[PDB]
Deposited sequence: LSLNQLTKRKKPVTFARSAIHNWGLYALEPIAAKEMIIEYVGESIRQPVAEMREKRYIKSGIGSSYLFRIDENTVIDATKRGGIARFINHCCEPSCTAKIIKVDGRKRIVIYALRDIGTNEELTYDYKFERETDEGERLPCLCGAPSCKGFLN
C-alpha cells in the first residue's frame, strides 16, 4: 500500500552472514502482515541475453544465480549490478513472496512478507525454479 517511490527510501532490511548460505537478508525492525519490504532491482535484460549470461556466469564459476524473472521475455539480473534484495535465500516454508506491480508501463518486482517477522530474522522466499534450509517439512531439493 505504498508508491514504489516510497519503497525506494524506507529501508527495513540489510545483509549479514547467514546459516542458510554465505550472505542473507535480515530484518532490522518488526515488519509484519503483507507490506512492501523492498523491490528486487537489477539489470533488466531480455530472455535470450539471460541465457547467454547464465552460461557465461557458470563458466566463470559463479555458482550463484541472481536472476529474477519478470515474465517470459525479460528477467532482472542482479548478479553484478542490483540491490540488496539480491540476498534472499531459498526455503520451502518461506517468510516472503514477490509479485509484479507495473508502474508507467514497466514491470517491477516487489517482495512482500508472508507472515509477521521479528528483528534480526532472515527474510526468506521460495525460489520456484540441493537445498540447505533447515525447515523440517521441506523439499530437500532446490528445484
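Note: segment 130 to 139 is the sole part of the deposited sequence with no C-alpha coordinates in the structure.
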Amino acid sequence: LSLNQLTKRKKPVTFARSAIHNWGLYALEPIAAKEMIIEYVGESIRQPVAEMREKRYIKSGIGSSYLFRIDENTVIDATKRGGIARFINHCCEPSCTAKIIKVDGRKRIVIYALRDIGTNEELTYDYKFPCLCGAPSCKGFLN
From here on, numbers count along this sequence of modelled residues.
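Between the stretches 34 to 42 and 89 to 97, it is 89 to 97 that shows the larger average CA temperature factor. Mean CA temperature factor is higher for 113 to 121 when stretches 113 to 121 and 75 to 83 are set side by side in the entry. Ranked within its chain, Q47 lands in the lowest third, by CA B factor from the PDB record. Looking at the C-alpha B-factors along this chain, the one for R56 belongs to the middle third.
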